[PDB]
Amino acid sequence: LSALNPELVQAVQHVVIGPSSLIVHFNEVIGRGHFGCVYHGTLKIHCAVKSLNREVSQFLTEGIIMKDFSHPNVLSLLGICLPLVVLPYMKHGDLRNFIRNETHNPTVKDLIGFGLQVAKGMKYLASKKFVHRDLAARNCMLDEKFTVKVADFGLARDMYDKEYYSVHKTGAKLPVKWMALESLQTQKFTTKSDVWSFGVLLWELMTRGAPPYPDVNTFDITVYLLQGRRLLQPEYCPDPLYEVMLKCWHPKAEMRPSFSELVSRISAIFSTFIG
Ligand SMILES: Oc1ccc(Cc2nnc3ccc(-c4ccccc4)nn23)cc1
């Protein structure tokens with residue numbers, strides 16, 4: 001109902017996909033989230049179609065807001081099929097699996113570049129006052145040109161790897177090993193807590209997808225961090241990039257670099273490498 005919407009009525013025509021335009025292939029699964037499976041689709045362009053099972057006014061507004069976001073390093077929304085979430089197909093899947101995959105071998109320069117692309121995507125999102133809440137390598141994806149896109153947000157938001165989410169008093173399922181100290185304490189999320197997660201993501205990139213804090217159990221991470229601890233420097237992580245990570249994990253949220261600063265600092269480090 002258009003009356004239930006604000007003044008975003010004129011935008012509904014652009015976000016809605018007619019069921020005649022979309023072919024969905026329920027015999028080929030390309031992701032399993034807690035809210036539903038995602039399937040190959042044809043819209044002629046290749047797409048990913050997300051099922052939602054395991055207010056309509058609010059669902060449409062979320063889609064309208066999301067479709068307006070456009071950056072080469074942010075996963076776009078193609079539209080909603082009245083429902084089914086229609087996303088661009090990502091040939092190379094999520095970033096964590098890609099870097100753990102022994103088929104491909106990114107160089108250190110390639111890995112830093114993935115980091116830089118994430119930073120640009122987050123710089124965009126931050127400029128729109130959008131807090132991600134769940135930035136991690138598992139939640140970024142690569143397309144056919146190996147272009148990295150910040151994903152897992154808006155209508156695409158889900159837990160795509162349940163192992164890394166812990167049940168809280170609140171009952172909330174939280175990615176504790178990617179969370180800023182203050183978020184673990186208050187469960188509030190800010191752009192500055194996204195910056196903390198970004199630091200962990202950089203660590204993931206430089207270890208080619210190692211799990212962070214393996215010998216720490218769940219919410220004991222707060223105890224671990226408060227002992228005066230941070231993730232160790234990976235072998236092939238350049239010294240200045242480790243300094244960047246430590247800045248992302250500053251105990252004072254407001255002292256952490258902006259995503260704009262991260263793009264600048266990382267572009268510089270990236271530029272020193274060949275191949
Ligand atoms: O080709 C595509 C496939 C799935 C999606 C949905 C989606 N949106 N955001 C995210 C973030 C992570 C993952 C994901 C998928 C598999 C394994 C681990 C994580 N999926 N995802 C979009 C396009």
# chains A, B, ... in the order shown; residues from 1 in each chain; ligands from 1

$ residues_near_ligand --ligand "ligand 1" --cutoff "8 Å" --atoms "only C-alpha atoms and all ligand atoms" --output "ChimeraX atom specification"
/A:30-33,38-40,47-50,75,87-94,96-97,138-141,150-153,156-158,160-161

$ residues_around --residues "residue 66 in chain A" --least-positions-apart "5" --cutoff "9 Å" --atoms "only C-alpha atoms" --output "tab-separated table (two decimals) with N, CA and C atoms, in the first residue's frame"
chain	number	residue	atom	x	y	z
A	61	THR	N	10.62	0.24	2.20
A	61	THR	CA	11.41	1.43	2.49
A	61	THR	C	12.90	1.09	2.62
A	76	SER	N	25.21	-3.93	-4.59
A	76	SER	CA	23.98	-3.22	-4.90
A	76	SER	C	22.74	-4.10	-4.72
A	77	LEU	N	21.57	-3.47	-4.71
A	77	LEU	CA	20.30	-4.17	-4.81
A	77	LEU	C	19.73	-3.95	-6.20
A	153	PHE	N	24.30	-6.48	4.13
A	153	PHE	CA	23.64	-5.33	4.73
A	153	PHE	C	22.29	-5.08	4.06
A	154	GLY	N	21.44	-4.27	4.71
A	154	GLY	CA	20.09	-4.00	4.23
A	154	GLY	C	19.27	-5.27	4.16
A	155	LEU	N	18.73	-5.57	2.98
A	155	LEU	CA	17.92	-6.77	2.77
A	155	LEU	C	18.75	-8.04	2.59

$ closest_atom_pairs --of "range 209-233 of chain A" --to "range 249-257 of chain A" --cutoff "12 Å" --atoms "only C-alpha atoms" --output "Markdown table"
| residue | atom | partner | partner_atom | distance |
| --- | --- | --- | --- | --- |
| A:225 | CA | A:251 | CA | 9.8 |
| A:226 | CA | A:251 | CA | 9.6 |
| A:228 | CA | A:251 | CA | 10.2 |
| A:229 | CA | A:249 | CA | 10.3 |
| A:230 | CA | A:249 | CA | 7.9 |
| A:231 | CA | A:249 | CA | 9.7 |

$ write_last_selection --atoms "N, CA and C atoms" --output "short mmCIF file (atom, residue, chain, number, x, y, z; two decimals), in the first residue's frame"
data_model
loop_
_atom_site.label_atom_id
_atom_site.label_comp_id
_atom_site.auth_asym_id
_atom_site.auth_seq_id
_atom_site.Cartn_x
_atom_site.Cartn_y
_atom_site.Cartn_z
N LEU A 225 40.98 -9.29 25.73
CA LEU A 225 41.38 -7.95 25.25
C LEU A 225 41.85 -7.04 26.38
N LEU A 226 41.15 -7.09 27.51
CA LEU A 226 41.46 -6.22 28.64
C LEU A 226 42.74 -6.61 29.40
N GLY A 228 45.40 -6.67 27.85
CA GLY A 228 46.37 -5.85 27.13
C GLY A 228 46.81 -6.56 25.87
N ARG A 229 45.85 -7.20 25.20
CA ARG A 229 46.13 -8.07 24.07
C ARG A 229 45.50 -7.60 22.75
N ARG A 230 46.18 -7.90 21.65
CA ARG A 230 45.66 -7.68 20.30
C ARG A 230 46.12 -8.85 19.46
N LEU A 231 45.44 -9.09 18.34
CA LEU A 231 45.88 -10.06 17.35
C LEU A 231 47.32 -9.77 16.97
#

$ select_by_dssp --residues "range 105-165 of chain A" --states "strand (DSSP E or B)" --output "PyMOL selection string"
chain A and resi 140-142+148-150

$ residues_around --residues "range 63-65 of chain A" --least-positions-apart "4" --cutoff "7 Å" --atoms "only C-alpha atoms" --output "PyMOL selection string"
chain A and resi 11-12+15+59+155

$ residues_around --residues "residue 221 in chain A" --least-positions-apart "2" --cutoff "12 Å" --atoms "only C-alpha atoms" --output "mmCIF file with N, CA and C atoms, in the first residue's frame"
data_model
loop_
_atom_site.group_PDB
_atom_site.id
_atom_site.type_symbol
_atom_site.label_atom_id
_atom_site.label_comp_id
_atom_site.auth_asym_id
_atom_site.auth_seq_id
_atom_site.Cartn_x
_atom_site.Cartn_y
_atom_site.Cartn_z
ATOM 1 N N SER A 166 27.706 -15.511 18.645
ATOM 2 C CA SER A 166 27.452 -16.002 19.993
ATOM 3 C C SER A 166 26.241 -15.337 20.619
ATOM 4 N N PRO A 175 28.758 -11.170 16.503
ATOM 5 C CA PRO A 175 30.050 -11.584 15.959
ATOM 6 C C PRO A 175 31.195 -11.115 16.873
ATOM 7 N N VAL A 176 31.257 -11.682 18.073
ATOM 8 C CA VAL A 176 32.098 -11.147 19.155
ATOM 9 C C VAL A 176 33.585 -10.944 18.816
ATOM 10 N N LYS A 177 34.140 -11.829 17.996
ATOM 11 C CA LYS A 177 35.562 -11.750 17.639
ATOM 12 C C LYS A 177 35.910 -10.635 16.639
ATOM 13 N N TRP A 178 34.878 -9.975 16.108
ATOM 14 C CA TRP A 178 35.024 -8.801 15.223
ATOM 15 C C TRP A 178 34.588 -7.494 15.883
ATOM 16 N N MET A 179 34.046 -7.591 17.093
ATOM 17 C CA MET A 179 33.452 -6.443 17.785
ATOM 18 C C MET A 179 34.428 -5.604 18.611
ATOM 19 N N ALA A 180 34.212 -4.291 18.586
ATOM 20 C CA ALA A 180 34.955 -3.350 19.412
ATOM 21 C C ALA A 180 34.639 -3.563 20.891
ATOM 22 N N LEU A 181 35.630 -3.308 21.744
ATOM 23 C CA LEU A 181 35.483 -3.448 23.200
ATOM 24 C C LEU A 181 34.196 -2.827 23.738
ATOM 25 N N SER A 183 31.426 -2.080 22.147
ATOM 26 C CA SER A 183 30.251 -2.776 21.618
ATOM 27 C C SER A 183 29.974 -4.062 22.384
ATOM 28 N N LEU A 184 31.037 -4.756 22.772
ATOM 29 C CA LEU A 184 30.909 -5.962 23.594
ATOM 30 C C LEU A 184 30.300 -5.617 24.954
ATOM 31 N N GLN A 185 30.598 -4.411 25.432
ATOM 32 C CA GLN A 185 30.152 -3.934 26.742
ATOM 33 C C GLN A 185 28.729 -3.363 26.708
ATOM 34 N N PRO A 212 40.332 -15.539 13.849
ATOM 35 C CA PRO A 212 40.956 -14.747 14.901
ATOM 36 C C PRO A 212 40.664 -15.305 16.294
ATOM 37 N N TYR A 213 41.640 -15.158 17.187
ATOM 38 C CA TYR A 213 41.550 -15.629 18.578
ATOM 39 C C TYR A 213 41.014 -17.071 18.703
ATOM 40 N N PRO A 214 41.709 -18.054 18.098
ATOM 41 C CA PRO A 214 41.177 -19.424 18.140
ATOM 42 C C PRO A 214 41.123 -20.049 19.539
ATOM 43 N N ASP A 215 42.062 -19.686 20.412
ATOM 44 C CA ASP A 215 42.143 -20.271 21.758
ATOM 45 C C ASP A 215 41.418 -19.429 22.815
ATOM 46 N N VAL A 216 40.574 -18.516 22.341
ATOM 47 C CA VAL A 216 39.670 -17.757 23.195
ATOM 48 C C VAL A 216 38.260 -18.271 22.920
ATOM 49 N N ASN A 217 37.481 -18.472 23.987
ATOM 50 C CA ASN A 217 36.083 -18.924 23.885
ATOM 51 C C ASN A 217 35.062 -17.786 23.992
ATOM 52 N N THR A 218 34.323 -17.559 22.904
ATOM 53 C CA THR A 218 33.134 -16.675 22.869
ATOM 54 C C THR A 218 33.294 -15.313 23.564
ATOM 55 N N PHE A 219 32.461 -15.054 24.575
ATOM 56 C CA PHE A 219 32.454 -13.773 25.303
ATOM 57 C C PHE A 219 33.626 -13.547 26.271
ATOM 58 N N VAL A 223 37.578 -10.250 28.361
ATOM 59 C CA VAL A 223 38.632 -10.552 29.339
ATOM 60 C C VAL A 223 40.012 -10.594 28.655
ATOM 61 N N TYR A 224 40.107 -11.366 27.573
ATOM 62 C CA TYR A 224 41.319 -11.482 26.753
ATOM 63 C C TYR A 224 41.852 -10.116 26.295
ATOM 64 N N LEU A 225 40.981 -9.286 25.726
ATOM 65 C CA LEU A 225 41.383 -7.953 25.245
ATOM 66 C C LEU A 225 41.855 -7.042 26.375
ATOM 67 N N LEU A 226 41.154 -7.090 27.507
ATOM 68 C CA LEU A 226 41.464 -6.218 28.643
ATOM 69 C C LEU A 226 42.745 -6.609 29.395
ATOM 70 N N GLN A 227 43.286 -7.784 29.087
ATOM 71 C CA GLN A 227 44.606 -8.183 29.592
ATOM 72 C C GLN A 227 45.738 -7.408 28.911
ATOM 73 N N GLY A 228 45.397 -6.670 27.853
ATOM 74 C CA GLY A 228 46.370 -5.853 27.128
ATOM 75 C C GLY A 228 46.809 -6.556 25.867
ATOM 76 N N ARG A 229 45.848 -7.197 25.198
ATOM 77 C CA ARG A 229 46.128 -8.070 24.067
ATOM 78 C C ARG A 229 45.498 -7.597 22.754
ATOM 79 N N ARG A 230 46.177 -7.898 21.652
ATOM 80 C CA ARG A 230 45.655 -7.684 20.300
ATOM 81 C C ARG A 230 46.123 -8.854 19.456
ATOM 82 N N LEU A 231 45.435 -9.093 18.339
ATOM 83 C CA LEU A 231 45.876 -10.063 17.348
ATOM 84 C C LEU A 231 47.318 -9.766 16.971
#

$ atom_distance --atom1 "CA of residue 27 in chain A" --atom2 "CA of residue 51 in chain A"
13.1 Å

$ residues_around --residues "residue 182 in chain A" --least-positions-apart "5" --cutoff "8 Å" --atoms "only C-alpha atoms" --output "PyMOL selection string"
chain A and resi 187-188+193+253

$ write_last_selection --atoms "C-alpha atoms" --output "PDB file, in the first residue's frame"
ATOM      1  CA  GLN A 187      25.977  -3.686  22.398  1.00  0.00           C
ATOM      2  CA  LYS A 188      25.856  -0.288  20.659  1.00  0.00           C
ATOM      3  CA  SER A 193      33.162   0.065  15.890  1.00  0.00           C
ATOM      4  CA  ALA A 253      36.646   4.752  19.726  1.00  0.00           C
TER       5      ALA A 253
END

$ closest_residue --among "A:125, A:43, A:102, A:111" --to "residue 22 in chain A" --atoms "only C-alpha atoms"
A:43

$ select_by_dssp --residues "range 234-268 of chain A" --states "helix (DSSP H, G or I)" --output "list in words"
residues 239, 240, 241, 242, 243, 244, 245, 246, 247, 248, 253, 254, 255, 259, 260, 261, 262, 263, 264, 265, 266, 267 and 268 of chain A

$ write_last_selection --atoms "N, CA, C and O atoms" --output "PDB file, in the first residue's frame"
ATOM      1  N   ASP A 239      54.894  -3.908   8.266  1.00  0.00           N
ATOM      2  CA  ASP A 239      54.885  -3.150   9.523  1.00  0.00           C
ATOM      3  C   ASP A 239      53.882  -1.974   9.563  1.00  0.00           C
ATOM      4  O   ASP A 239      53.122  -1.861  10.521  1.00  0.00           O
ATOM      5  N   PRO A 240      53.888  -1.082   8.539  1.00  0.00           N
ATOM      6  CA  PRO A 240      52.917   0.015   8.552  1.00  0.00           C
ATOM      7  C   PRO A 240      51.454  -0.458   8.510  1.00  0.00           C
ATOM      8  O   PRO A 240      50.584   0.229   9.052  1.00  0.00           O
ATOM      9  N   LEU A 241      51.180  -1.600   7.874  1.00  0.00           N
ATOM     10  CA  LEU A 241      49.795  -2.132   7.866  1.00  0.00           C
ATOM     11  C   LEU A 241      49.390  -2.664   9.244  1.00  0.00           C
ATOM     12  O   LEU A 241      48.231  -2.548   9.640  1.00  0.00           O
ATOM     13  N   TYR A 242      50.347  -3.241   9.970  1.00  0.00           N
ATOM     14  CA  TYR A 242      50.075  -3.663  11.346  1.00  0.00           C
ATOM     15  C   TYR A 242      49.821  -2.442  12.235  1.00  0.00           C
ATOM     16  O   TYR A 242      48.938  -2.460  13.078  1.00  0.00           O
ATOM     17  N   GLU A 243      50.595  -1.376  12.038  1.00  0.00           N
ATOM     18  CA  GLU A 243      50.332  -0.113  12.727  1.00  0.00           C
ATOM     19  C   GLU A 243      48.917   0.397  12.444  1.00  0.00           C
ATOM     20  O   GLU A 243      48.257   0.911  13.345  1.00  0.00           O
ATOM     21  N   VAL A 244      48.474   0.267  11.194  1.00  0.00           N
ATOM     22  CA  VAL A 244      47.089   0.595  10.835  1.00  0.00           C
ATOM     23  C   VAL A 244      46.064  -0.243  11.631  1.00  0.00           C
ATOM     24  O   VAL A 244      45.082   0.298  12.151  1.00  0.00           O
ATOM     25  N   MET A 245      46.307  -1.549  11.745  1.00  0.00           N
ATOM     26  CA  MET A 245      45.427  -2.444  12.516  1.00  0.00           C
ATOM     27  C   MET A 245      45.329  -2.009  13.986  1.00  0.00           C
ATOM     28  O   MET A 245      44.247  -1.973  14.570  1.00  0.00           O
ATOM     29  N   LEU A 246      46.480  -1.707  14.585  1.00  0.00           N
ATOM     30  CA  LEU A 246      46.532  -1.282  15.981  1.00  0.00           C
ATOM     31  C   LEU A 246      45.785   0.044  16.205  1.00  0.00           C
ATOM     32  O   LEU A 246      45.149   0.251  17.251  1.00  0.00           O
ATOM     33  N   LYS A 247      45.858   0.932  15.218  1.00  0.00           N
ATOM     34  CA  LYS A 247      45.046   2.155  15.224  1.00  0.00           C
ATOM     35  C   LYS A 247      43.548   1.841  15.151  1.00  0.00           C
ATOM     36  O   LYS A 247      42.760   2.458  15.855  1.00  0.00           O
ATOM     37  N   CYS A 248      43.156   0.881  14.304  1.00  0.00           N
ATOM     38  CA  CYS A 248      41.747   0.454  14.222  1.00  0.00           C
ATOM     39  C   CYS A 248      41.227  -0.106  15.545  1.00  0.00           C
ATOM     40  O   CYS A 248      40.032  -0.029  15.825  1.00  0.00           O
ATOM     41  N   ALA A 253      37.323   4.795  21.027  1.00  0.00           N
ATOM     42  CA  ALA A 253      36.646   4.752  19.726  1.00  0.00           C
ATOM     43  C   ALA A 253      36.902   5.986  18.863  1.00  0.00           C
ATOM     44  O   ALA A 253      37.157   5.871  17.660  1.00  0.00           O
ATOM     45  N   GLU A 254      36.852   7.160  19.491  1.00  0.00           N
ATOM     46  CA  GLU A 254      36.988   8.432  18.784  1.00  0.00           C
ATOM     47  C   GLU A 254      38.408   8.683  18.262  1.00  0.00           C
ATOM     48  O   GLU A 254      38.611   9.527  17.388  1.00  0.00           O
ATOM     49  N   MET A 255      39.381   7.939  18.792  1.00  0.00           N
ATOM     50  CA  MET A 255      40.765   8.042  18.341  1.00  0.00           C
ATOM     51  C   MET A 255      41.106   7.115  17.175  1.00  0.00           C
ATOM     52  O   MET A 255      42.189   7.202  16.613  1.00  0.00           O
ATOM     53  N   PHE A 259      37.353   6.025   7.935  1.00  0.00           N
ATOM     54  CA  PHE A 259      37.547   5.200   6.753  1.00  0.00           C
ATOM     55  C   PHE A 259      38.259   5.989   5.650  1.00  0.00           C
ATOM     56  O   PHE A 259      39.038   5.425   4.889  1.00  0.00           O
ATOM     57  N   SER A 260      38.036   7.304   5.613  1.00  0.00           N
ATOM     58  CA  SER A 260      38.759   8.181   4.693  1.00  0.00           C
ATOM     59  C   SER A 260      40.281   8.124   4.948  1.00  0.00           C
ATOM     60  O   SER A 260      41.071   8.001   4.006  1.00  0.00           O
ATOM     61  N   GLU A 261      40.669   8.191   6.222  1.00  0.00           N
ATOM     62  CA  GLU A 261      42.073   8.076   6.621  1.00  0.00           C
ATOM     63  C   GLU A 261      42.643   6.697   6.280  1.00  0.00           C
ATOM     64  O   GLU A 261      43.795   6.582   5.837  1.00  0.00           O
ATOM     65  N   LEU A 262      41.839   5.652   6.485  1.00  0.00           N
ATOM     66  CA  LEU A 262      42.248   4.282   6.151  1.00  0.00           C
ATOM     67  C   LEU A 262      42.490   4.103   4.658  1.00  0.00           C
ATOM     68  O   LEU A 262      43.467   3.491   4.262  1.00  0.00           O
ATOM     69  N   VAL A 263      41.598   4.641   3.828  1.00  0.00           N
ATOM     70  CA  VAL A 263      41.800   4.596   2.379  1.00  0.00           C
ATOM     71  C   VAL A 263      43.142   5.254   2.020  1.00  0.00           C
ATOM     72  O   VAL A 263      43.927   4.671   1.270  1.00  0.00           O
ATOM     73  N   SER A 264      43.398   6.436   2.582  1.00  0.00           N
ATOM     74  CA  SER A 264      44.653   7.186   2.337  1.00  0.00           C
ATOM     75  C   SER A 264      45.903   6.388   2.733  1.00  0.00           C
ATOM     76  O   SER A 264      46.813   6.206   1.932  1.00  0.00           O
ATOM     77  N   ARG A 265      45.926   5.919   3.975  1.00  0.00           N
ATOM     78  CA  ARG A 265      47.071   5.190   4.528  1.00  0.00           C
ATOM     79  C   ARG A 265      47.320   3.865   3.807  1.00  0.00           C
ATOM     80  O   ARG A 265      48.466   3.498   3.531  1.00  0.00           O
ATOM     81  N   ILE A 266      46.240   3.159   3.480  1.00  0.00           N
ATOM     82  CA  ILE A 266      46.364   1.879   2.803  1.00  0.00           C
ATOM     83  C   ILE A 266      46.768   2.051   1.337  1.00  0.00           C
ATOM     84  O   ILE A 266      47.567   1.280   0.849  1.00  0.00           O
ATOM     85  N   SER A 267      46.241   3.075   0.659  1.00  0.00           N
ATOM     86  CA  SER A 267      46.641   3.342  -0.735  1.00  0.00           C
ATOM     87  C   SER A 267      48.161   3.580  -0.832  1.00  0.00           C
ATOM     88  O   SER A 267      48.811   3.111  -1.769  1.00  0.00           O
ATOM     89  N   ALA A 268      48.713   4.277   0.162  1.00  0.00           N
ATOM     90  CA  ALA A 268      50.153   4.529   0.259  1.00  0.00           C
ATOM     91  C   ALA A 268      50.975   3.251   0.424  1.00  0.00           C
ATOM     92  O   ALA A 268      51.960   3.041  -0.285  1.00  0.00           O
TER      93      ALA A 268
END

$ closest_residue --among "A:171, A:209, A:113, A:79" --to "residue 272 in chain A" --atoms "only C-alpha atoms"
A:113

$ atom_distance --atom1 "CA of residue 204 in chain A" --atom2 "CA of residue 142 in chain A"
15.6 Å

$ atom_distance --atom1 "CA of residue 174 in chain A" --atom2 "CA of residue 201 in chain A"
16.1 Å

$ residues_around --residues "residue 21 in chain A" --least-positions-apart "3" --cutoff "9 Å" --atoms "only C-alpha atoms" --output "PyMOL selection string"
chain A and resi 17-18+42-43

$ decode --residues "range 164-184 of chain A" --atoms "N, CA and C atoms" --output "compact mmCIF listing (two decimals), in the first residue's frame"
# COMPACT_ATOMS: atom_id res chain seq x y z
N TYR A 164 30.43 -18.13 13.96
CA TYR A 164 31.08 -16.92 14.47
C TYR A 164 30.14 -15.95 15.16
N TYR A 165 28.97 -16.45 15.56
CA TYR A 165 27.98 -15.65 16.25
C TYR A 165 27.62 -16.30 17.58
N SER A 166 27.71 -15.51 18.65
CA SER A 166 27.45 -16.00 19.99
C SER A 166 26.24 -15.34 20.62
N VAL A 167 25.43 -16.16 21.29
CA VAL A 167 24.21 -15.70 21.96
C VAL A 167 24.57 -15.00 23.27
N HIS A 168 24.11 -13.75 23.41
CA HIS A 168 24.26 -13.00 24.65
C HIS A 168 23.28 -13.52 25.70
N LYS A 169 21.50 -12.32 28.41
CA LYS A 169 20.78 -11.14 28.89
C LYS A 169 19.97 -10.48 27.78
N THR A 170 20.57 -10.34 26.60
CA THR A 170 19.90 -9.73 25.45
C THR A 170 19.35 -10.79 24.50
N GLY A 171 20.03 -11.93 24.42
CA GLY A 171 19.67 -13.00 23.49
C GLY A 171 20.19 -12.78 22.08
N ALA A 172 20.77 -11.61 21.84
CA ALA A 172 21.30 -11.24 20.53
C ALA A 172 22.47 -12.13 20.10
N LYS A 173 22.53 -12.43 18.81
CA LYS A 173 23.61 -13.24 18.26
C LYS A 173 24.66 -12.32 17.66
N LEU A 174 25.84 -12.32 18.28
CA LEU A 174 26.84 -11.28 18.03
C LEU A 174 28.15 -11.86 17.50
N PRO A 175 28.76 -11.17 16.50
CA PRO A 175 30.05 -11.58 15.96
C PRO A 175 31.20 -11.11 16.87
N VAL A 176 31.26 -11.68 18.07
CA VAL A 176 32.10 -11.15 19.16
C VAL A 176 33.59 -10.94 18.82
N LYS A 177 34.14 -11.83 18.00
CA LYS A 177 35.56 -11.75 17.64
C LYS A 177 35.91 -10.63 16.64
N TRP A 178 34.88 -9.97 16.11
CA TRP A 178 35.02 -8.80 15.22
C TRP A 178 34.59 -7.49 15.88
N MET A 179 34.05 -7.59 17.09
CA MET A 179 33.45 -6.44 17.78
C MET A 179 34.43 -5.60 18.61
N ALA A 180 34.21 -4.29 18.59
CA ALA A 180 34.96 -3.35 19.41
C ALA A 180 34.64 -3.56 20.89
N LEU A 181 35.63 -3.31 21.74
CA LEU A 181 35.48 -3.45 23.20
C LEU A 181 34.20 -2.83 23.74
N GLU A 182 33.93 -1.59 23.33
CA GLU A 182 32.76 -0.86 23.80
C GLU A 182 31.43 -1.48 23.34
N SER A 183 31.43 -2.08 22.15
CA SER A 183 30.25 -2.78 21.62
C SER A 183 29.97 -4.06 22.38
N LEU A 184 31.04 -4.76 22.77
CA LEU A 184 30.91 -5.96 23.59
C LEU A 184 30.30 -5.62 24.95
